[PDB]
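As structure tokens, the structure follows; a few thoughts come after it.
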Amino acid sequence: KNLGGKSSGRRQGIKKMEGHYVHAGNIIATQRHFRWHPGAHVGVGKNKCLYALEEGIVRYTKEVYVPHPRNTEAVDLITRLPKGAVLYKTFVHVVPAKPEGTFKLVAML
Amino acid sequence: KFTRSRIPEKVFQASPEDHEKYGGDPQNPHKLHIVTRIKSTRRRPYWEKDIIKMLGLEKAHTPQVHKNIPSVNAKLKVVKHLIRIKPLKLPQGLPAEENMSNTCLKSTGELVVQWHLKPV
Amino acid sequence: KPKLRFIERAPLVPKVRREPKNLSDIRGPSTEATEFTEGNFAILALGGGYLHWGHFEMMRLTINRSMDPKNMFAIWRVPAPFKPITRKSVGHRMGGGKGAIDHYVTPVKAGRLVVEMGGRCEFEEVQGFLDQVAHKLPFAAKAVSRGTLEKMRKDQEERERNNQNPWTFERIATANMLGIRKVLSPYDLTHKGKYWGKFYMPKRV
Amino acid sequence: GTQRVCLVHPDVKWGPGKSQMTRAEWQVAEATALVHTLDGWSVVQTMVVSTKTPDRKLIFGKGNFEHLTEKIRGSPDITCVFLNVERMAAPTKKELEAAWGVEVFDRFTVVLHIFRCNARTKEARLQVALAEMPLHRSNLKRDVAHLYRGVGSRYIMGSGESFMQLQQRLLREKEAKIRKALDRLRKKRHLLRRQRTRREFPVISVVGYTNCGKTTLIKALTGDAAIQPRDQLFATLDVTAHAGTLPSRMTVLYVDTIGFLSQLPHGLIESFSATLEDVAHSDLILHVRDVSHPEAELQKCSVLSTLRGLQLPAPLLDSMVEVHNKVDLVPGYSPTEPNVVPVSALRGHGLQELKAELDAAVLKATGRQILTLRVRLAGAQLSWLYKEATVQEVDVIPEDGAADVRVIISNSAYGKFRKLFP
RNA sequence: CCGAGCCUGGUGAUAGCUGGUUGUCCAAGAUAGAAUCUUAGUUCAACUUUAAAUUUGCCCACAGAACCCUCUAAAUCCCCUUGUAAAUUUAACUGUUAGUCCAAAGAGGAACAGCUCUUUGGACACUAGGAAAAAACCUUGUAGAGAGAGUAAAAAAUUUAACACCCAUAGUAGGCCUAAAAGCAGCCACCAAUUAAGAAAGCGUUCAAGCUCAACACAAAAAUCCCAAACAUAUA
RNA sequence: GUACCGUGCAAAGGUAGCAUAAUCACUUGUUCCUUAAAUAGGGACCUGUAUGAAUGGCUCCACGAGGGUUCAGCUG
RNA sequence: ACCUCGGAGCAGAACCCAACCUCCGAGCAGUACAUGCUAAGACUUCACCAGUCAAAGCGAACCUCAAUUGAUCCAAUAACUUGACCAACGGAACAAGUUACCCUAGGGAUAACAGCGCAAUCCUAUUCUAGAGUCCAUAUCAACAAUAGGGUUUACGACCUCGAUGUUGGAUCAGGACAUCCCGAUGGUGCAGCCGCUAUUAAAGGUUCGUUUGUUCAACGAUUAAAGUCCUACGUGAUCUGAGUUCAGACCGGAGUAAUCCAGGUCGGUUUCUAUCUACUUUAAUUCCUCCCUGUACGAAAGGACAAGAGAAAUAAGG
Ligand SMILES: Nc1nc2c(ncn2[C@@H]2O[C@H](COP(=O)(O)OP(=O)(O)OP(=O)(O)O)[C@@H](O)[C@H]2O)c(=O)[nH]1
Ligand SMILES: Nc1nc2c(ncn2[C@@H]2O[C@H](COP(=O)(O)OP(=O)(O)OP(=O)(O)O)[C@@H](O)[C@H]2O)c(=O)[nH]1
Ligand SMILES: [Mg+2]
Ligand SMILES: [Mg+2]
Ligand SMILES: [Mg+2]
Ligand SMILES: [Mg+2]
Ligand SMILES: [Mg+2]
Ligand SMILES: [Mg+2]
Ligand SMILES: [Mg+2]
Ligand SMILES: [Mg+2]
Ligand SMILES: [Mg+2]
Ligand SMILES: [Mg+2]
Ligand SMILES: [Mg+2]
Ligand SMILES: [Mg+2]
Ligand SMILES: [Mg+2]
Ligand SMILES: [Mg+2]
Ligand SMILES: [Mg+2]
Ligand SMILES: [Mg+2]
Ligand SMILES: [Mg+2]
Ligand SMILES: [Mg+2]
Ligand SMILES: [Mg+2]
Ligand SMILES: [Mg+2]
Ligand SMILES: [Mg+2]
Ligand SMILES: [Mg+2]
Ligand SMILES: [Mg+2]
Ligand SMILES: [Mg+2]
């Protein structure tokens with residue numbers, strides 16, 4: 001009577017924990033829902049996977065959640081929240097390590 | 001499921017009664033442990049086997065000297081049910097290069113630096 | 001309505017989804033209905049087990065017949081059977097899917113009160129039939145007053161305080177001395193050796 | 001278990017089975033009462049269907065059978081079907097079950113199921129097990145199909161008996177064990193009867209159709225309170241004796257009995273003979289008649305046939321005192337046959353007349369003599385007469401220090417008295 | 001010796017199936033799964049072996065890894081130090097991919113199975129000692145000789161049921177109910193006298209009568225034949 | 001609807017005959033004879049919705065190392 | 001019944017986890033036509049195949065959805081591209097039945113008998129004091145239940161045995177248990193006596209012959225003191241029989257187009273073994289009945305005893 005349910009595990013979750021050096025483009029975490037939200041220098045794919053937009057150190061923090069004003073469901077949640085309440089979410093940041101570049105003496109004209 | 005055991009911290013907080021019983025002052029703690037494997041690693045988890053090998057306690061009843069520092073203590077906490085830990089005592093102080101060849105570890109845990117094998 | 005209320009065989013809205021036999025609901029100390037409420041006497045469960053509609057009927061009939069309605073009142077401290085137990089057809093080989101829902105039970109954990117009685121009466125007037133019911137219950141049970149329950153709890157505390165044994169199950173299990181956690185269960189770190197399956201050892205300290 | 005049932009009543013219109021005493025509406029009402037008694041489910045739908053030929057693998061002619069198949073399979077609420085027939089053969093049951101995609105029950109199975117559900121005493125459980133043995137033997141095919149597992153004639157080892165045949169053997173031994181147990185039960189009940197028989201308690205067995213108010217009448221006569229009549233059918237499922245006094249200050253044991261239904265296999269009721277033999281060992285039989293019920297005559301026929309099958313002594317069959325209960329429901333009822341007492345147990349209307357009539361019947365049937373006897377006071381004869389016979393009036397002769405006592409005394413007690421106090 | 005003869009030949013047919021597979025010695029060596037006309041097999045992975053290159057491998061401090069869900073576990077991941085000496089990569093391969101019990105979290109079954117199915121760990125498929133004999137429980141493992149020595153685990157404990165003695169008048173057969181129901185068939189009331197006694201808690205009387213009481217006072221049983229012998233007292 | 005009176009459908013609605021059969025099960029069918037006692041045998045049945053007519057049906061003359069039953073005798 | 005894919009529990013917290021386990025769903029739809037081209041770095045359903053995300057850049061503007069699918073070859077096409085509920089979903093390009101006429105290789109990796117584990121089922125004993133027993137729980141029972149025990153049933157498990165552990169009944173001989181059917185002793189009884197019921201103790205001895213039926217059983221007939229319940233590989237086929245069942249032949253009913261088949265019936269149908277080893281091969285009796293007691297005790301009658309005594313037998317053992 002019970003058919004299906006044979007799907008395998010998605011192997012989703014965190015691929016880079018805090019303190020891990022991460023190069024640009026590396027996938028930090030794969031998730032089905034928004035468990036960890038994108039922080040600074042962390043981009044979201046179509047499938048909610050978080051990838052490092054810069055080369056640096058991954059840091060997980062708890063930050064206040066301010067949804068985009070056009071995100072109707074989140075805006076309604078906020079509109080129903082009691083005064084003084086603040087939502088928090090776990091964000092993943094990539095603290096860039098290297099500088100954008102250096103000025104080098106190329107020619108002594 | 002059987003898993004690695006997290007020993008609560010309060011277990012390793014000695015009391016004045018323990019100090020009186022075992023003869024160790026909380027101030028001025030001993031520097032080195034003498035550790036002897038008194039239990040087989042067989043029928044114990046692979047992690048305990050590996051910790052024993054790390055500590056170099058493969059042979060039973062063979063004393064080994066270890067630092068009394070937090071990391072070594074963590075390993076000893078992991079494998080504490082297989083070993084006997086005693087404080088290394090140095091009645092004549094640390095052996096010197098001159099007497100390095102005349103030392104002996106008496107069963108009391110004292111590293112005597114003169115071993116004459118003669119009656120007192 | 002002092003007399004004990006009737007308990008239905010199964011919930012009016014029968015459950016449709018078969019669910020596993022999570023024996024943890026019987027295992028361990030009871031965390032609910034552990035204290036008296038609007039009553040002075042009760043049946044305390046000194047062990048875990050499942051109560052069927054047959055047990056409920058036994059309790060109801062015995063207590064209703066033996067009580068004095070004008071001076072005593074009784075009240076259930078355990079919900080009506082809700083957990084569905086499924087049985088396969090007799091002589092069926094293993095496999096082929098989970099069996100159909102056969103009966104409904106209500107779990108009971110050690111230390112819980114099954115029925116609670118009160119009114120213008122003392123213990124001796126009630127302890128008789130309460131002990132009858134407790135003895136006929138599927139788990140170890142005892143007719144206990146508020147005073148007797150407090151006395152037994154205080155006696156357990158006194159034994160725990162004054163035991164001369166340097167070694168306690170709690171200490172050894174928590175410290176993992178001798179590596180006995182290889183032989184113990186994670187539940188034992190909280191049961192402290194007083195519980196073994198559905199059985200509660202009261203003399204155990 | 002919570003099984004909505006569709007009632008199917010085959011109405012026989014010609015030839016055998018064309019009942020001349022009952023109507024399809026009344027039979028449907030009785031079947032509905034049976035299922036309501038069984039409790040937990042109800043008649044979702046009812047269908048009375050004509051049947052010129054009632055004996056077939058498919059009880060109905062092909063056309064009506066297909067019509068019923070369409071209706072039953074198009075009605076999804078139906079969970080089971082109750083066919084108002086005495087007994088249906090295994091072929092008919094299998095074919096109807098396959099055609100209608102439901103479970104089929106006949107009156108035999110319904111009565112059996114209510115017995116199994118509301119049987120409390122171990123004696124009742126054993127007797128209903130005996131009554132079930134026929135249903136078992138009929139249903140082994142379906143019951144042990146899954147155990148059979150489609151294996152036959154290929155295994156060459158073990159007891160040569162096939163799966164079906166060795167199941168028949170096991171059921172034979174099971175029935176033998178049940179019959180032995182009922183024989184032991186009969187012996188034990190004889191032990192129980194011994195004492196009351198020795199004390200010569202007049203015993204009146206109250207029999208009749210089911211839900212005639214037998215239990216209510218016994219309650220009214222005895223004055224008891226623990227006796228609980230029920231609206232359901234087959235309420236009284238155990239034979240018990242209750243003491244009640246008559247106007248002559250005589251104690252009599254009313255024996256309550258199982259109810260009787262029409263159109264049932266005889267073996268069903270006859271399996272309770274182990275406990276219904278108390279009627280055979282009775283002194284009078286009181287037949288209760290729910291005259292209000294439209295099927296009173298059919299119920300009469302059914303109960304008389306059931307007693308004849310139970311093999312009660314012919315002298316006991318004769319002298320059966322008939323009481324017409326539920327007269328209040330039939331206002332202005334006028335009894336027609338003689339030696340019939342109209343009574344209303346709930347309202348307790350004719351109970352005094354019934355008590356007097358059955359007192360006279362007991363005097364006639366128990367060999368008891370109402371006579372005046374002269375005894376000497378202080379000689380313990382008066383106390384002995386009180387204890388061993390029912391005294392009715394004590395007229396004391398002070399001059400002689402004696403007394404004339406009007407006593408209803410049995411011959412045994414009279415002989416004991418004449419010998420003890422010459 | 002015919003479900004299709006016999007002989008020869010193709011023919012050393014083919015067989016994922018069974019059986020067999022012969023000198024000495026040492027060493028490493030039991031390990032997730034996937035697909036498969038596939039679950040009696042095989043290919044890949046994993047594990048294992050060998051050789052080679054290189055540098056980090058294991059243990060692991062904080063900090064860190066989600067709401068749903070009100071609470072909600074043993075833990076895990078990550079991880080510098082530290083104790084350690086292994087690890088990754090390259091090259092070439094086979095063999096194992098038909099598994100048992102024990103502890104623990106569970107699921108199915110019937111909170112049966114020496115049952116079945118996952119997960120964490122152990123042991124066994126290897127040595128030795130113990131639990132009687134003993135794969136899986138406990139002790140212990142790296143190998144030889146010794147007519148030395150200290151130890152490890154390691155021997156079951158229980159024997160259970162006594163309980164008063166004396167005394168009882170009485171408003172009255174309290175009312176009602178009933179033929180009678182007087183403490184005692186049922187309902188209402190349940191006061192009250194004596195120093196002290198229920199308008200009666202049990203027997204009993206058809207009803208009474210009479211007997212007390214509350215009161216004054218002073219664990220086990222099955223089928224060949226039980227199954228070491230025995231022992232309570234000489235210093236841990 | 002009350003066997004006969006009409007009716008739907010079909011190619012035709014199983015006719016004669018026999019019938020618990022060597023004939024699914026119910027089955028040891030119900031009865032009478034047979035026996036002290038019969039799940040056997042023989043005779044019958046509103047007996048087959050799974051009998052039935054050259055996939056031959058019923059009847060009975062002889063025959064049979066066929067399968068049942070049986071009187072009397074015979075005998076280890 | 002299922003076979004592929006996804007979500008949620010089992011699997012509470014990195015990942016991963018089985019089940020003919022519990023539940024839900026999918027084999028699309030909608031919008032857009034930059035759902036264009038390129039390219040770092042990463043994830044990866046534990047392999048591979050496949051599947052995912054994506055910075056920067058060019059070119060422009062200023063995808064939703066959990067699943068929503070399928071390789072190669074090969075066909076169609078000028079090309080771009082398209083093609084299978086290949087759903088047995090890693091997919092043979094295209095092939096069903098039946099075999100008891102059967103065969104070979106294996107399997108105790110896997111069933112039937114037996115053993116064994118377990119005790120759901122079955123059986124037994126106590127506790128409970130509701131209810132039967134006129135009153136009265138406990139003379140005899142006993143509901144709801146509780147606690148124990150047994151290993152006779154049907155199972156369930158698949159642990160030994162498939163390079164054979166021969167199978168149901170019957171004959172023969174029986175060994176054992178006692179939870180005793182009879183005989184012995186005793187307590188209770190709703191034990192007046194006779195029959196009885198119940199319990200403790202007792203396993204030395206005994207525990208019938210027949211009609212159908214292959215039957216173990218059951219029914220019936222006649223008896224008996226009784227015609228006990230079980231275990232022993234459902235004791236015992238190298239002691240026996242084969243009536244049933246269970247090969248090859250054939251008929252009836254039914255299924256199928258047929259081969260052939262049936263939880264059906266029915267007639268017939270090969271019972272091997274010279275004993276090597278172990279073991280073994282000469283170890284005070286019960287019961288019924290007759291008379292008398294005695295028509296006594298008992299009892300209202302009906303009926304009707306013990307004990308003591310006498311005599312007879314039957315079986316069993318030995319001659
Ligand atoms: N005697 C009687 N019963 C009535 C009357 N009206 C209704 N009844 C119902 O008749 C039913 C009789 O129930 P019982 O006396 O238990 O029935 P019974 O005759 O003993 O039969 P079983 O129920 O089989 O035991 C009750 O449900 C009464 O309520 C009436 O006038 N007289
Ligand atoms: N990819 C693909 N290949 C196909 C498809 N249909 C057929 N083929 C090819 O053709 C094979 C099947 O051959 P058939 O079954 O005869 O195909 P068909 O179309 O039914 O018939 P024909 O045209 O007569 O061959 C496949 O294995 C492919 O090689 C299809 O839908 N998709
Ligand atoms: Mg899943
Ligand atoms: Mg009644
Ligand atoms: Mg030849
Ligand atoms: Mg070859
Ligand atoms: Mg080696
Ligand atoms: Mg060594
Ligand atoms: Mg007194
Ligand atoms: Mg014969
Ligand atoms: Mg991968
Ligand atoms: Mg596939
Ligand atoms: Mg054949
Ligand atoms: Mg072969
Ligand atoms: Mg078996
Ligand atoms: Mg096996
Ligand atoms: Mg297995
Ligand atoms: Mg052999
Ligand atoms: Mg005995
Ligand atoms: Mg057997
Ligand atoms: Mg034969
Ligand atoms: Mg044919
Ligand atoms: Mg034959
Ligand atoms: Mg022949
Ligand atoms: Mg032979
Ligand atoms: Mg011989």
Side-chain angles (χ1 to χ4, degrees), chain C residues 1-11 21-69 71-85 103-119 121-156 191 194-204:
Chain C
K1 289 190 175 182
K3 222 181 296 302
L4 199 56
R5 182 180 60 79
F6 174 81
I7 286 288
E8 194 62 52
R9 294 184 66 95
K21 60 179 77 66
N22 52 308
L23 302 165
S24 281
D25 57 3
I26 293 302
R27 185 184 199 172
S30 182
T31 59
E32 58 188 2
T34 308
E35 310 304 331
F36 284 86
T37 57
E38 305 158 345
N40 303 287
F41 299 101
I43 294 178
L44 174 74
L46 301 170
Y50 293 110
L51 289 171
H52 305 72
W53 183 79
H55 296 133
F56 273 91
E57 282 296 276
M58 175 262 299
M59 295 196 272
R60 195 179 57 90
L61 299 174
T62 45
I63 290 163
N64 287 8
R65 184 210 322 115
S66 52
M67 85 161 61
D68 181 20
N71 283 322
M72 309 172 186
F73 74 91
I75 186 67
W76 296 110
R77 299 296 310 286
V78 59
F82 58 95
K83 176 184 169 56
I85 68 176
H103 314 290
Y104 287 85
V105 301
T106 186
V108 172
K109 281 192 183 193
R112 182 167 185 169
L113 307 179
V114 182
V115 305
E116 181 176 1
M117 290 205 58
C121 62
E122 56 194 8
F123 192 35
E124 288 72 44
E125 308 175 21
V126 165
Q127 181 176 0
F129 62 84
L130 280 192
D131 271 325
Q132 298 169 11
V133 169
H135 291 316
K136 284 208 292 181
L137 277 177
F139 40 79
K142 179 185 184 179
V144 73
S145 171
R146 308 181 93 119
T148 58
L149 183 68
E150 291 318 298
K151 181 175 61 179
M152 78 167 47
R153 287 175 179 173
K154 288 180 220 305
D155 291 4
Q156 184 59 41
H191 296 350
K194 284 182 276 292
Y195 299 88
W196 176 238
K198 80 191 208 65
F199 305 105
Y200 163 52
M201 283 83 65
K203 68 96 179 177
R204 189 73 190 168

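Because only heavy atoms are used, hydrogens play no part in the values below, and waters and symmetry mates are left out as well, while side chains stay in. Below, chains carry the letters A, B, ... as their sequence lines are ordered, and counting in each starts from 1.
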Spell out, as yes or no, whether a donor-acceptor pair under 3.5 Å connects the side chain of [X] to the backbone of [Y].
X: C:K198; Y: C:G48; answer: yes
X: C:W53; Y: C:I7; answer: yes
X: C:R112; Y: C:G47; answer: no

Flag if over 12 foreign heavy atoms under 6.0 Å of CD, C:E124: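 Yes.
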Name every donor-acceptor pair, under 3.5 Å, that has one atom in a side chain of residues 133-145 of chain C and the other anywhere in the protein, sequence neighbours excluded.
unit_1	atom_1	unit_2	atom_2	d
C:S145	OG	C:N40	O	3.4
C:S145	OG	C:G147	N	3.4

Throw together a table of side-chain donor-acceptor distances under 3.5 angstrom for residues 73-80 of chain C, partners on residues two or more places apart or in other chains.
unit_1	atom_1	unit_2	atom_2	d
C:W76	NE1	C:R5	O	2.7
C:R77	NH1	C:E35	O	2.9
C:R77	NH1	C:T37	OG1	3.4
C:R77	NH1	C:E116	OE1	2.9
C:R77	NH2	C:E35	O	3.3

Quick check: do [X] and [Y] have side-chain heavy atoms less than 4.5 Å from each other?
X: C:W196; Y: C:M201; answer: yes
X: C:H52; Y: C:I85; answer: yes
X: C:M67; Y: C:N64; answer: yes
X: C:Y200; Y: C:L46; answer: yes
X: C:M152; Y: C:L149; answer: yes
X: C:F82; Y: C:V105; answer: no
X: C:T34; Y: C:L113; answer: no
X: C:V126; Y: C:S66; answer: no

By ring pair (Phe, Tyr, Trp, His ring centres under 6.0 Å) - contacts of C:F123 (at least two apart):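 Ring pair (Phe, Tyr, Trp, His ring centres under 6.0 Å) list for C:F123, sorted by chain: C:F41.
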Any residue meeting salt bridge (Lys or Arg N to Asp or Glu O under 4.0 Å) with C:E8, in chain and number order, not counting sequence neighbours: none
Partner residues of C:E125 under the salt bridge (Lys or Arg N to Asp or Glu O under 4.0 Å) criterion, sequence neighbours left out: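 In terms of salt bridge (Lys or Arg N to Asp or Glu O under 4.0 Å), with neighbours along the sequence ignored, C:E125 is linked to no residue.
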Taking distance alone, no hydrogens or angles, what donor-acceptor pairs closer than 3.5 Å link side-chain atoms of residues 22-29 of chain C to residues at least two apart or in another chain?
unit_1	atom_1	unit_2	atom_2	d
C:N22	OD1	C:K83	NZ	3.1
C:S24	OG	C:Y187	OH	3.1
C:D25	OD1	C:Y50	OH	3.1

Minimum heavy-atom distance C:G111-C:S30, with the two atoms named: C-CB, 4.0 Å
